[PDB]
Structures are given as C-alpha cells and as structure tokens.
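To keep things clear, I will list the structure first and then write my remarks on it.
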Amino acid sequence: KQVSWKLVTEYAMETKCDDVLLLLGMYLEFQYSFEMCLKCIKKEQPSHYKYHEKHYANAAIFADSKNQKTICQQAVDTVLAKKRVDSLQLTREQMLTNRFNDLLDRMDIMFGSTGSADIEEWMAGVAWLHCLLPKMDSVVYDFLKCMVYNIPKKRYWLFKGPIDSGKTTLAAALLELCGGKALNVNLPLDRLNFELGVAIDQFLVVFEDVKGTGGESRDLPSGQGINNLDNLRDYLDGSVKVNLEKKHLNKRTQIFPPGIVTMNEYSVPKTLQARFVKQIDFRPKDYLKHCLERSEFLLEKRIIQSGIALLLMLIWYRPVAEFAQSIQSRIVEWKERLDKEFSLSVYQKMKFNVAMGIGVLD
Amino acid sequence: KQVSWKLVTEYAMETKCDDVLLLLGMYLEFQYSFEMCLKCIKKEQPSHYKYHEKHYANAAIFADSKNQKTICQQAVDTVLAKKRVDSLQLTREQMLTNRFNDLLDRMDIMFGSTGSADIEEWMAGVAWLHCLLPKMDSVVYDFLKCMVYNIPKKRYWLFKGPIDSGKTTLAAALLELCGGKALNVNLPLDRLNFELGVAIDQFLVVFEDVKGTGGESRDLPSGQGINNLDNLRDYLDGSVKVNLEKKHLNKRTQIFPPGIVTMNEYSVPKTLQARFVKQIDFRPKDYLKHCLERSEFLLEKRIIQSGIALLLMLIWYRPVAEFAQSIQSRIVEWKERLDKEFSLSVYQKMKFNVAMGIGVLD
Amino acid sequence: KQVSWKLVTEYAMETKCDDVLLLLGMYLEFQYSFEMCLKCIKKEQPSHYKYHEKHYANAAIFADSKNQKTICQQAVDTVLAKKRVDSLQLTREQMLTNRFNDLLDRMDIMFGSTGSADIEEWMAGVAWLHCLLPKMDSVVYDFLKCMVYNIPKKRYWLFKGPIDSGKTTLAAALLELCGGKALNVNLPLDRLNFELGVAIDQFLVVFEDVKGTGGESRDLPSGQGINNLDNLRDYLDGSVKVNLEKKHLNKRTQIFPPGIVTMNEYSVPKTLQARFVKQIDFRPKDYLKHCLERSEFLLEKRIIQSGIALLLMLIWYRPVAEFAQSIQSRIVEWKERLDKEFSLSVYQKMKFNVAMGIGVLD
Amino acid sequence: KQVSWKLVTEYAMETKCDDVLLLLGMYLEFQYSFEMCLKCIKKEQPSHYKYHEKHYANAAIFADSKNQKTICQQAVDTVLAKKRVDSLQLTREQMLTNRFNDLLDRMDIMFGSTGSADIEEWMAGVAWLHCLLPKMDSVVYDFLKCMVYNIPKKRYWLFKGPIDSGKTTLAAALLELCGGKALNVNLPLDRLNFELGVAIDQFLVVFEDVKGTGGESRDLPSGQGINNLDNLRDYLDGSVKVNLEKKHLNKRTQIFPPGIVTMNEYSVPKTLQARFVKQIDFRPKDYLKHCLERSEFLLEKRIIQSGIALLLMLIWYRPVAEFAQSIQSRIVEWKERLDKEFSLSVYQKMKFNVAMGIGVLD
Amino acid sequence: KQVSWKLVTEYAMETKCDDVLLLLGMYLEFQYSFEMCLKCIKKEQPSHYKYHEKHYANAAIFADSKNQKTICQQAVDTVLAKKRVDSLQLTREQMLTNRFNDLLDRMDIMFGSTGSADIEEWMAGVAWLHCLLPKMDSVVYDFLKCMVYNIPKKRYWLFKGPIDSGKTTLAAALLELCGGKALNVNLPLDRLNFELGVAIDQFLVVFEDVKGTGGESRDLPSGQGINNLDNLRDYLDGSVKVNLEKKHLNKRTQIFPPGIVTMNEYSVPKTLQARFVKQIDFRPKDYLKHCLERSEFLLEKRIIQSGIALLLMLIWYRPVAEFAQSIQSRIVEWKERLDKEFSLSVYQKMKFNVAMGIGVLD
Ligand SMILES: [Zn+2]
Ligand SMILES: [Zn+2]
Ligand SMILES: [Zn+2]
Ligand SMILES: [Zn+2]
Ligand SMILES: [Zn+2]
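Residue numbers (the deposited numbering), protein chains in the order written: chain B, 266 to 627; chain A, 266 to 627; chain A', 266 to 627; chain B', 266 to 627; chain A'', 266 to 627. A prime marks a further copy of an entry chain.
What follows is the structure in structure tokens.
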C-alpha cells in the first residue's frame, strides 16, 4: 500500500546503520510475524529483537514495495547527514562520550545474559594492562585529556619500544577506546597523500611502526616513515588547517587529528622529537610474557588490545566526576555491578600474579 | 496485470541467485505452460523443474512487464542484502555449516535419480585421499576446527613440497570444502594490496605457491612472495583488524581470514615460520602416482581435488555429533546411504589397491 | 501534503550552505516541535536556533517527503548559482566586504552571549601582532589595497625569513582575512598545473614556502618551486588572462589571482624578484618568543594566525570611512564595543608587555 | 503553476549564456518585483536590468518549480546547439562580425554612462599601439583579411622579437580582437595532442613564446616548440583536414585554425620558415618604454593588450565599406561619436608624445 | 499539444544527422513562420530551406516541449541504427555507391543556382590530375575495383616518393572519394592497437607517411612504422578476421579494411613488399609545379586534393555502364551537364597548358 520511509529511517538512525545493503537486509527480516520469531524469542541480535515488533506492519508492506533500495537510500543519507552534522557541531568531549556510550552498548551485550564474554577474564585484562606501565589508569586518562583538548604542539605521543614490548598492544587499545584510524607512512613520498587522507574526520590517528633510514646495525629495516613524519610538522602540531586527499582528489580541509606514533627504536631527528609532547618507552618484561603463556585467554580472545579493556580500567579506577555529566549515571551503574562482582583483594591478587609471571586467574 | 516483484525475489533467494542476467533468463523460462514443459518432465535443471509450476502464473505476467530487469535488480539486491547480514550476524561455525549444507545440495543431485555422478568412483577418491596423508580424516577435522576457531597466531597451515606431491590437490579440496579465495603474493610490493583485498568477507584464504629467494641451485625461480608474507605478519596472525581494498578505494576492515600457504621448498625466515601453527610436508609417492595411472577417472573427473570428496570422507569417518546439531539429521541420512552401499571390507580393499598402486576399483 | 522546496532553499541561501548532506541533516532537526527544542532554548547552534521556529511546519512536512535529497540538491545548486553570479558580477572590493561581513558574523557569535571567545585574549593577539612588524596596521591596510586594486606587476608580496620568524603566521591570518587558497609549487613541472588550478575563482593565493636551489650550505633543502615561479611570470603579474584546470580538463580562464610568496631565504633570480612589488623580511625576535612562552593562549587558541585578529586590528586602528559604506554601520558598532571595554593605556600596556617579553596580560 | 521553458531559453539565447549554474543564478534574481529593483534602478548589469521586467512573472513561478536545474539545462543545450550550428554554417567573415558586435556590445557599456572606462585613455592606447609598428592599422586590417580568407600556406604570421618588444602585446590584442586560444607547444612530443586539441572550433590560434633547442648562447632557454611546430606542417598550412584530441579522445576533424607564432629569436628551420606568409620583427624602442613609464594607466588598465583597443583603431582609421555590411551602420555610429570627441590634431599630439617618450596625455 | 517525435526523426534520417546538438539547433530554426523565413527565401542552407515548410507546424510544437534533447537523442540513435544495419547488410559496391551519391549531392549544391563553386576551375583540377599519373583515369577505376573487390593479398597499394611529388594529394582525394580514415603506425608498438581500432566499420584506410629505419644518410627520419606494418601482415592481406579496439575495450571483429600506404622512400623488407599488389612511384615534376604557381586556385581552393575532382574525372572519362545501375541515371545527367559546357578541345587545351606549366586556364 503505502510504506513509511520515515519508519525505516528511524530504524537506520537508531542502529547507526550507514550500509544500504545491510539496512535492506535487516529490515526485510521484520516482514515475518514476530509472534513465532525465533530470532527474537532467542534474543540473538539487538539490532533485530529490539525493533521487530514496532516494525512488523511497516516491513510487511516494505516487502511488497517496488523500490526497497531507494527507500533504504534516503534512510542512509539521513544517517550520513547526521554524521556530517556532528562532525561540524560537537565538541571533542561530546564526540568521546558517544564513543564511550557505544563501547558500553557492547559491554551490556558481551557481558549480558546473551553475550559469551567472561567478565573475570576481562578484569584479568585490566590487571595485566595495569602492569604494562606505571600509573596506567592516570596514563590512559591523560591521553584522553590530551586527545580531547587537541592543543597545538601538545597532541602527539611517541610510543617507542622494541618488539613484543607492549606499545603495539596499548596503541591498539587506545585506538579502539577513542575511535580513529591507523596509518602507514613508510611509503613512497608521493603515495603518501593517499594514506594521510584516511585521517579525514577521524578523532585521533595512529602512525603504526614508523621506520627510519638512519639505523640498521641493530637489525632494524629501512622504511621512510621517520623521513616522512618530519615533512608533516604541520599535520602533527596542528597550528593551522591542512588539506586531505581521498577519492583521488582534495576533499576535507581540517586540523589534522592528534594521536600516537608507534616506533621501533631508530634515531629521531630533533625537529621530529620536538613534535611529541610525551614519549613512552616500552621494554619487554619477562613476567608479562610468561604470564601470557599461562594466560592464553588474554591473547586468544583479543582482550588486552581492546579499548573495552581500557574502558573497564577507567570505570574501575577513576571517579565518576571525571566522566562527562551525560554518561556518569551509566558508569556508576557499572561500577556497582563491578564492585558487587570483585573485591579489591581479588583484583590485587591478579596483579600480584602478573607480577610473579603466572597467569592472572591462579 | 501486475507482476509480483515479491515472488521473483522469493525465487531469487531460494535459488541463491546473485546474478541479474542469470535470474532474468531463468525466470523467463517459466512463462510457458508447465503443463507441457519438457525441461520439467525430463527434470533437466533443479533450478527450473522445482519452481516452474509455482511460478508459471507470475512468470507469464512477468514476460509482459515493461521493466523486467529493474525487477530482477531488486531480487538480486535482496540476495546480496542477506549475504551481507549473515556476513556480520552469523558465527563462523554457522558460516561453515551453510557451506556444508550447500555442498550437500550439490551431492543430492550428483548422486540422485536425475544426476550423473558415480558414487563408487567418489569413494575411490576418498580412498586415494586417505592414503595421501596419515590420519587424513583427523587432519581435515583438525583443519576445520583451526579455521572455525580462528585463533590469533594459530590460523595458518603451511603445505611444503615439490610439484606433484599432493599439497595443491588437498589445498584445493580444502578451499572448496570451506569456501574462500586463493591469492597470489608473488607481486610487486605495490600490486599487493589489490590482491589482499580479495580476501574481503571470505571464510578462509589460500596463498597459492609462494615463491622465495635463495634456492635457485635446486632449480627454483626466485620470487618476492615469501618476502611479502613476512611483511604481512599483521594479516596472518590477525590479533587486530585490518583495512582491505577493492574498486580502487578502501572497503571492509576486519580480521584477515585464516588459511593455507602452499610452498615449493624455499628456505623460510624464522619470523615467518612462526606464523604457521602447523606444517605439512608433501613428498611425491610412487604407489599413489601408479594408482592414478590405473585410475584415470580420479583426475579426468576432478575427484581428488573436490571439496565434496572431503565432505564425503568426513561423513564416512566422523561421528555424527561432531557436526552442528542443525545439520546432523542430514548427515545421518548420508551415512546410512553410504553404509547401505559400501561395506568396510570393500572400502578397505580400495585403500589396499592404492597402497599397491593398481586401481582403487580393482 | 506538499513540501515547500522554496523554503528549504531559503534556509540554504541564508545559512550559505553549499553541502547537500550537511543541509539535509540540519533541516531534519527542525522536524521536531520547537515548542520544546532544547537546542533552541540552550541556543547551541545559530544555524539552528534562528530558524527552527520558522521552519518547524515545513520541516515537519519535509521529514515525510519521499525525496528529501533531491530537494536539498536544488537548495544547494541554488547556493552555488549565487556564488557563481557574484563570481562575475561583484567587484573586488565587494568581494572583500562580503568576506568581512562573514568574519563579523563569526565574531558576533564568538564574543556574544552564547559564545566562548575571550575578547581580552584576542586584543592581546592584536597587541602581539602589532609588535611583529613596524606600522603593522598600515601594512595590512596596504596589503588589502594591493589585493583589491589588483594591478598588473604590483599584485605580489614576498615574505622572506628563517623558520619561526612570523611570515607563516601573518601569511595565514592574511589568507583568512581575505579568503583564498594556498598552493604548493614544489612539484614536478608536470604536476604543477593541477595545483595552479586550485586558484580558480579565488580572491588571493598564498604560495606557501617556496624552495630554491643554491643554498644547501646553510642547511636548506633544494627544491624546484622557485624555478617554477620564474616560469609563471604570466600568472604572477597577470597582464593578460590564463587557463586554469581541474577535474582533469580545462575550466575557467582569468587573471591569475594576486597574493603572497612565503620563502625561506634562497637566492632569487632578478627576473623573479621583479615580480614582487613588495618584500618583507622576517627575523625571529627574542622578546616575541618570550612573550608567547608566557602567553600560551595566543598559540593554543590559534589567535595570532587568525584572520579575525587582523580584522580586529583594523577595527581598532583604522578610521571608519576607510571601510566600504555598506559595512561602516557595522564597524562603528564594533569600535564602540571595543572602546567601551579597553582604554588606550590598557592596550598600550599589552604592547609594552610584549616588548619586554612577559605576557600581554600581565 | 506552469513555468515557461521557452521563456528561460530566450533569456539564455540573448545572453549567449552557456553556463547552467550561471543561468540559474541569473534567472532567480528576476523573481523579485522589479518595481523597487535596485539592480535595475541603479543599472548595474545589462544581463539583468534589460530583462527583469519581461521575466518577472515567469521567474516568480520558476522560483517555486521543482526542477529549476533541468529547465536551465535545456536552455543551455539550446545555446550550445546554436553554437554548433554556426560552427558549420557561418562564413568566417560572419564569424568575425559577430565577434565585433560583441566587443562593441562591451564598448557601449564600458564607455556608457554606467561604465567606468575613460575613452581618452583608450585613444591614448590606439596612439601608442600605432607607434609600435609602421602602418599599423593597415597591418591589423591585413591580418584580418588573412584570418578570414584562411588560404592554404598563407595563414600564419611569425612575430619574432626579443622580450618587452611588443610582440606579446600585439598578439594579445589580436587574439582578443578575433577570438581564439593561445597554445603552448614547448611540451613533451607526446603531451602535445593535449594542447593542440584546444584549437578545436577556434577562429584563430596563437602559439605563444615557442622555444627552440638551437640557440642558447644569447641567453635563450631550450624548449621544444620550434621542434614541434616543424612536425605540424599539416596543421599550419591547412591544405587538408586534421584530427584534434580533447576530452582525452578524438573529437573534431577540421582544418586547423590560422594564426600567429610568437617567438623569442631562435634559429628557424627553412622548412618551418616556409610555413609563415609574413614575419614581423619587434625591436624594443626607448620612447615606447619611457612613454609607458609616464603613461602607467596604459598597462594598469590592461588597455594596450586589448582587442578593444584594436577595434577602436580600425573604427578610427578605416573606411566604413571595409566592414561587413551588417555592422557598418553601428561603426558609423561610433565614428561620429569618436569624431565628435577628438580632433585629428589632438590625436596627432598623442602620437607625437609617444614619439618623444613622454606619456600620451601631456 | 503533442510533439511528433517521428517527424523529427524523419528530418534527422533525411539530413543524415548523427549529431544530437546539431540536430536540436537546426530543428529549432523551423519554429518560426516560414511564411517569412529569409533563410529560406535566400536559400542559405539546403538542410534548412528544404524542410522549414514541412516542419514549421511540428517544430513550433517542438520549441514548446519540455524535453527536446531526449527527442533528438532518439532521432540520432535512429540514424546510427541505420548506419549500423547497412554496415552489415550492404555490399561493398553499394557502400561505394552511397558514398558516390553523397558526393553528388555535395556537387549538386556546389555548382548549383545557390552555390559558390566554379566548375571551370574544377575541370582544370581534373586536367592537372590527369597529368600527375599516366592513364590516371584508368588508375582510379582500377583502384576502386581493388577496394570494392577487396581480395585477400591484393587489397593494398603503396605510394612511394619524396615530399611534394603528388602521393599525398592523390591519396587524399582517393580517401575522400571512397570514405575511410587515415591511420598513423609511427607509434610505440603498444600505442598501435588504439590507432588500428580507428579502422572499425571503415571502407578503406590510408596509412599516411610510414617511416622506416635505414636511410638517414639521405636525410630521412628513422621511425618504427614500417617495422610495425611488417608485424601487421594479418591486417593487410586480410585472409581472416581481426579484433579491433576503442573506448579502452574490444569492439568489432572483421576483415581489416583495404587501403594505401604512403611512404617516403625507405627500403622495404621483402616480406612487406609482398603485401602490396601495386606500387606507384611519384617523382616531383617541374611543369606540374610551374602550373600550380600560375594556377593558385587549384591549391587555395583545395581542388586537386578533393575526392570530388576524382568523381568528376570518372564522370568525364568513364562509360556510364561502368557505374552501378542505381546511379547511372544521375551520372548521365552530369555527363550531359559537363558535355554541354566543355568541348574536348577546351579540356584538351587545359592538359596542354599543364604540360607546358603555364596555367590550366590560359
Ligand atoms: Zn524477529
Ligand atoms: Zn519448466
Ligand atoms: Zn530547534
Ligand atoms: Zn531587477
Ligand atoms: Zn526557413
């Protein structure tokens, strides 16, 4: 008869769905009666069971509509349109909070009665991660203030370390905790703009394993990253705007995003060094290594490189007033859940274990 | 009057047809009275003789529509919308089971009333395959678990061996048993990424015949494939996601898929070797070659390279509960079939014939 | 019923919105009863809280339209149609005044009731800037007349100096004060034209840090930029029109725009030198650097690189009749504002503080 | 209600408007009542005030139309269609006359009561230009006959001279007087077709500053123009047609346009020299130089390089019967205006001045 | 009311108009009352004054249509649909006759009541041409039969000679007499195919000035054209079909067309020589050059390079039955015309004048 384009757009907006084919796929499942809906009955997908009923009617009509694709388009352009609006109107903190709400959205599910996640294992992760660096929760917190504040010449951290030293792991967790893209600058000085363009509208950036020509004896490859980074002093300290290339042209003109530079121990030009407001040296630690050997589940379930592991660390160490007013009530909610589940002594034993190199859950 | 776009879509989703021109051409065959259709009477194509009846009416109206291709476009987009949903909602074991179910549909027809396949020649294929490697049936089960469990740093197998040793054959059947694309890393470090993008949305990948440097004294061409793999540690052990490309622009981001590397015996760098959790050395065997010389059908009919020969082996060796609940009813059904046609001593003789290199069927 | 495409276009032309997705997303915010809109009550975004009322009705009908993007496309095309007319019908002084009027709208909000800007920190910016160069305020007026008069062979200024001398900062504020793109001539003689096309329809251009040959003994990278400029005598002094490119094909033909060349102290060919009607030598000064060291806000808040700091200086120094009639009413309005908040002795002390290198605000 | 697509097309055709965005922009201004139209009241734009009234009604409806863009398209295709018709049907003289009418169209405005042009200054231009070469008006006239006659092997003039010798100026004026494009052939023998394609449908062409390898001692660069010109003998003498490349393919097949070759004093191969029916040597003259020094307005208002300066010279020296019947009445109109404004003696003093090197208006 | 798309198509097919913008612009001229059309009264363009009457009505309705270009698109597509049919259904002799009929339509106007052509100057062209080669009129008939018979290994003629010997001229007229494109094989072995694709659907091809290696001692530039031709034995003698390209992808497959190779006297490989069934050596002659020196019109009006001069020669020399039946009525008609204006002794004197090198018309 007459399908509602606005009812579909609603579904898209509340699913943060920007995929046309995916939107279409999702919506066509609601055409069946939800009465004997197994997907709902078995609560296998939030993006499904939480909306099937309110959409049955519409979906059933959608199923007999001649331009399903076109309808989905507008619903998607609406989501992309909202994302274009937040880009130009939200403060970075508001940005960071939406990110947090999302990661939290997952946690409710992962750790929910339907999820498969073992919260004990994810708290074994906080403990391990908390042994990777001194005052790690204060370290994570600062990075955040740094990223949110995005202040000229004080927005880049340098993670310098060997290999299997932690930098890659922590940068990965931080990357996921804040949102953002990793970038490879060890490339042809001309096939560079290509990658730099990936930074467009990204909250923070991570230049992974930058390599330098200088240095070779100690077994480190060549690469031109360090060389290139030094030619991007304007993108790094962000005093003025910059033009980014994507789609094979000149799209956005913006302040280049703040972030991290993961490095393997080369010689860094003073002109480049001056670009980083903080530098962390990661040195391999035996107990941390053995510990993993005996705590396989940490690597096997990709827990220590999860920004979710880092969001749990903040909720577990940090005070509520440190979060954005808007989210606090949801954090408190979690603290209580977490404080009802683990005693400080249990957690402390976990760190003690990581310390003696024997797997957190012993 | 008014063509039912819905029905056409139903046929598309039932035939799993993702090709617009292929769908169009097939639906239009139904426009003729089935009350005489020889294609149906003679049961020529299941994709036809199982839907002609139900679709005559609507197909008859279809052939008189002024925009049949637009209709098929939506039927197809719907098929792709589903393949997109399952791409994110289904678990790997479910992905595997769907593959399985699809191979069984193929088997139902091959060995059915209106089919050509000679099941005796296909068990001969299993017999030959179960002589190629020790505990071969445990190897395939193991491989399947490795691929489904998809655990960081334990997702790749390395098949090494001269030409005509069997790694290519098993690697092919394995590919078809699981679904997935083969890739070629023997390209210029810049042509790589295009290829690596092929793995997008894939279950598993097979790096076909990687070439190394060193060994040209033993008559082996120097290539950069090995060298590239060592620069793909990220992709191989997949501890964190990665960005894949196509259409000359970035598409999906994900955990590179797990898989196999087929190699010809070049020396391997210890850093690369470490990415393989398992290595299988193939050596050409005389009796196996002699067996084929006296059993041409195994090659001419491409049986020992077929993933169906591997699904068949599983059904023949493996215990029903080792399969997913959902599919067991269909498996027990095939075991019975098989058991009712082949005794253990008969199958046992085939293996004996291969051992003596004379002709599985002698 | 029937969405009013006209109204949507009116909003677009009033918001000066040339982005389709940005327009769509914003108009759709109005679909909610303003009789409660917190975005309005809290006066979050002027682009919203000044039109929600007037557009509720129509936006409410808009959200129920089956082709919102097509509507926005026309709204946008209309905005571009105007930017195209003024491109040919407006005089340079009018072009400049429009720029000015736009910077004042930005200032009205920055220093308004619902804004963050700290005007005291912005006059401190002016104080620091009026110490960077002698008779700085006469320099900006001069520059503006040069740019508006746009006279052949008297349209370019050359800023020379080491790094951190101030040419980059002034050149940035100047750019933003006038509008226009920066270009990079440090490219292969064939990659040039693409870049040169960027200047199309622009008011002025800024050739950022051109590099020469000679001087590598003083630690300066050899580049071909200078060399290229000498091959662009036509563009620089613009006595006759030129053909500019984009989209990989020839577009507009015109007088290349006037502008600035920022350079690092390479020797200049007498033929090139002649194209510059004015040259400004920047030398890093100690007190100015010390001033910033004790006045972080000037950098962290990007004040001394802002074109607003220059418009602010003009308003503070220049006589009202030196502006275009049309804009004077708005200028006198700002002078009063300023005069009512800062006495000459206060502003005079700031300049004194910079001289002593201690903190404009001490 | 029902907008008139033909009324908009009229507007486009009488504005010679081929710009869609521009057409749209122009037309949308007529939607407002012309009663209090300031643009009209102030007569600021002919393309506006001369048509606002006859279009009010239509424009007001156009403003509420849903496909303004589409309407404008057809109106533009109509103008492009008319231009395609004149290409294949007008004699070159008719072509040259339309050009003249247009330049005249401007003159009425420049020198009208609304324009800003000083006719005395533009007559100072004729005088100066008339001192650049002997019998200059007869020279200009001939060139025209040459260009209009476009006769095999008698269609190319060679302007050979140093620098700041006049050739560039006169070629620029001639270029504008007749219509046409400038071309750079000092390029890669393969990136040549690119430029040559610009000549498509052009009335005449000008190869600016062709450079030759031969010659270097006298301080002249290298370049490959002379080299290339010699490989285009077929494009130059135009005995037979040629294929031009634009849009990155093979568009038009036509007789290559006639024109000028501006050169800097290299060695010209006899085979190339034979390509030019006339050759003019320009040698720097002191009085002409000083004169400009004292007659800045000539260069500052881009008067001496204007084809308009050259159209004024013909109207002032040449007899009416020398013009096309169609335009004569309009020229006579101008002669009278000019003869009413300046006495032969006043003009002669102007030349005398240029002769004594002291600025024409002394 | 309702524009007649059919009529517009009829005009297109009658005008043979395959250009959309050209059709649009022309049909729109008919929208004015023909009851006054000066273009008609003055008989300016046959494409106009022969259809204005019949199309006023419909063209008047056309100018008020909301999608004129869409209408013209179909008119054109229809013209191309016909050119496509005849491309496969017509015989070569018919292809040739159509060409002929088209050249006669051109001649009917050139030498008609409302035309400029001076037939006496065109017979002078024939006289000059019939002195360029012995039995010239038999040569053209021969060539035509060769081209129409299109027999494997007997389809190509080779014109050899210095510059200004006549091969270029005859080869040009021959091209225009038959229709077909010229191609340039003096390209890099990889750029070849693009060019070779030009010959698609063509009647004949002319390989313009092929260059060889050897002879640089006689002042002849080394090129790879000859070398390429030797690698095109397949194309040249066409015993079997070939694949031709365009739009950066494979199009038509066919017998490469027959044609001429114009060469400058480079040595030829015996394998290449064999592909030419006929060779014509041109040597510059003094009397012929002197004739032109005293008969400028032959060059200035491009007469001796015109295919019309060759059709004219045929009509003047050849017996009526040597033409196709269908066209004979029109040929006898031209013979009479000619016979009624030129006596044999008059034409004979022209040939005598050329022999003495004095001016065909003396
Ligand atoms: Zn459901
Ligand atoms: Zn059937
Ligand atoms: Zn609001
Ligand atoms: Zn007006
Ligand atoms: Zn007419």
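Positions of the beta carbon are idealized from the N, C-alpha and C atoms, including for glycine.
Starting from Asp-546(B'), follow its DSSP beta bridges and name the residues at the other end. Looking at the DSSP assignment, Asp-546(B') forms a beta bridge with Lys-425(B').
My output table needs one value for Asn-515(A): the three-state DSSP class, helix, strand or coil. Note: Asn-515(A) maps to strand in three-state DSSP.
Residues bridged to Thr-527(A) (per DSSP): DSSP output for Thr-527(A) lists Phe-424(A) as bridge partner(s).
Identify which residue in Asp-502(A''), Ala-322(A''), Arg-349(A'') and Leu-439(A'') has its Cα closest to the Cα of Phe-408(A''). Ranking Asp-502(A''), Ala-322(A''), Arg-349(A'') and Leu-439(A'') by Cα distance to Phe-408(A'') puts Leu-439(A'') first.
Simplified DSSP assignment, three categories, for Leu-286(A): Residue state, collapsed to three classes: helix.
Separation of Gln-467(B) from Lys-614(A'), as counted between CA atoms: Roughly 42 Å separates the two Cα atoms.
Of the residues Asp-546(B), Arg-517(B) and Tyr-406(B), which one's Cα is nearest the Cα of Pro-427(B)? Ranked by Cα distance from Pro-427(B), the first of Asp-546(B), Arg-517(B) and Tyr-406(B) is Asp-546(B).
Any beta-carbon of chain B closer than 7 Å to the one on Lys-271(A)? Yes, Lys-271(A) lies at the interface with chain B (some Cβ there is under 7 Å from its Cβ).
Just to confirm, does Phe-408(B) get its C-beta within under 6 Å of one of the non-hydrogen atoms of ligand 1? Using a cutoff of 6 Å, the CB of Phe-408(B) does not count as near ligand 1, since none of the ligand's heavy atoms is closer than that.
Host alpha helix (DSSP H) of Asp-604(A) (start-end): 590-604 is the span of the alpha helix (DSSP H), which, as asked, contains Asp-604(A).
Check whether the Cβ atoms of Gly-624(A) and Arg-559(A) sit closer than 7 Å, and answer yes or no. Taking 7 Å as the cut-off, the beta carbon of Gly-624(A) is found closer than this to the beta carbon of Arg-559(A).
Please confirm if the segment 460-475 of chain B is in contact with the segment 440-449 of chain B, defined as three or more CB-CB distances below 8 Å between the two stretches. Verdict: yes, contact present.
Confirm the yes/no value for this check: CB of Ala-328(A'), any heavy atom of ligand 7, distance under 6 Å. Ligands present in the displayed structure are limited to ligand 1, ligand 2, ligand 3, ligand 4 and ligand 5, and ligand 7 is not among them.
Along chain A'', in chain order, which residues have C-beta atoms closer than 7 Å to that of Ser-532(B')? Neighbourhood of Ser-532(B') in chain A'', by CB distance below 7 Å: empty, with the nearest CB roughly 18 Å away.
Identify the contact partners of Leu-469(A'') in chain B', using a Cβ-Cβ distance below 7 Å as the criterion. Within chain B', no residue comes near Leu-469(A''); the closest Cβ sits about 16 Å away, beyond 7 Å.
Answer yes or no: does any C-beta atom of chain A fall closer than 7 Å to that of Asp-329(B)? Using beta-carbon distances, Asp-329(B) counts as an interface residue toward chain A, with a partner under 7 Å.
What residue does the beta strand (DSSP E) around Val-475(B') start on, and which one ends it? Annotation: the continuous beta strand (DSSP E) that includes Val-475(B') extends over 470-475.
Quick check on the DSSP output: what are the complete beta strand (DSSP E) runs of length 3 or more inside the segment 414-465 of chain A', in order along the chain? Taking only runs of at least 3 residues, the beta strand (DSSP E) segments lying wholly in the segment 414-465 of chain A' are 421-425 and 445-448.
Kindly say whether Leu-457(A'), judged by its beta-carbon, lies nearer than 7 Å to any beta-carbon of chain B. Using a Cβ-Cβ cut-off of 7 Å, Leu-457(A') does not count as an interface residue toward chain B, since no Cβ of chain B sits closer than that to its own.
Listing by chain order, which chain A'' residues have their CB less than 7 Å from the CB of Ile-416(B')? Within 7 Å Cβ-Cβ: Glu-565.
Comparing C-alpha positions only, which one of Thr-518(A''), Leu-501(A'') and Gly-503(A'') sits nearest to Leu-509(A'')? Residue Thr-518(A'') is the option with its Cα nearest to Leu-509(A'').
Can you give me the start and stop residues for the alpha helix (DSSP H) that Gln-359(B') sits inside? Where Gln-359(B') is concerned, the enclosing alpha helix (DSSP H) stretches over 357-375.
For a test of your reading of the model: does the CB of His-313(A') fall under 6 Å from any non-hydrogen atom of ligand 5? Yes or no. Outside the cutoff, so no.
Quick one: grab the DSSP three-state call for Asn-508(B). Under the three-state reduction of DSSP output, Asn-508(B) falls in the strand class.
The segment 561-575 of chain B contacting the segment 523-539 of chain B, beta-carbon criterion three pairs below 8 Å: The segment 561-575 of chain B vs the segment 523-539 of chain B: no contact.
Output yes if chain A' places a C-beta closer than 7 Å to the C-beta of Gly-290(B'); else output no. It does; some Cβ of chain A' falls within 7 Å.
If you compare alpha carbons, which of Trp-581(A'), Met-291(A'), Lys-476(A') and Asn-366(A') is closest to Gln-354(B)? Out of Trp-581(A'), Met-291(A'), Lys-476(A') and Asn-366(A'), the CA that lies nearest to the CA of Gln-354(B) is found in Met-291(A').
Considering only C-alpha positions, which residue in the set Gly-488(A), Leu-576(A) and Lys-616(A) is nearest to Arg-364(A)? Comparing Cα positions, the closest option is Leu-576(A).
Contacts around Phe-562(A''), its chain only, beta-carbon distance under 6 Å, and the 5 residues preceding and following it disregarded: Contacts found: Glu-386.
Interface partners of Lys-334(A') on chain B, CB under 7 Å: Those within 7 Å of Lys-334(A') in chain B are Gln-339 and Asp-342.
When burial is assigned at 16 or more other CB atoms within 10 Å of the CB, is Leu-288(B) buried or exposed? With 16 or more other Cβ atoms within 10 Å, it is buried.
Should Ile-306(A') be labelled buried (16 or more other beta-carbon atoms within 10 Å of its own) or exposed? Counting Cβ neighbours within 10 Å, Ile-306(A') comes out exposed, since fewer than 16 surround it.
Closer than 7 Å, Cβ to Cβ, to anything on chain B: give me those residues from the segment 430-464 of chain A', in chain order. Using a CB distance below 7 Å, the part of the segment 430-464 of chain A' facing chain B consists of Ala-437, ordered along the chain.
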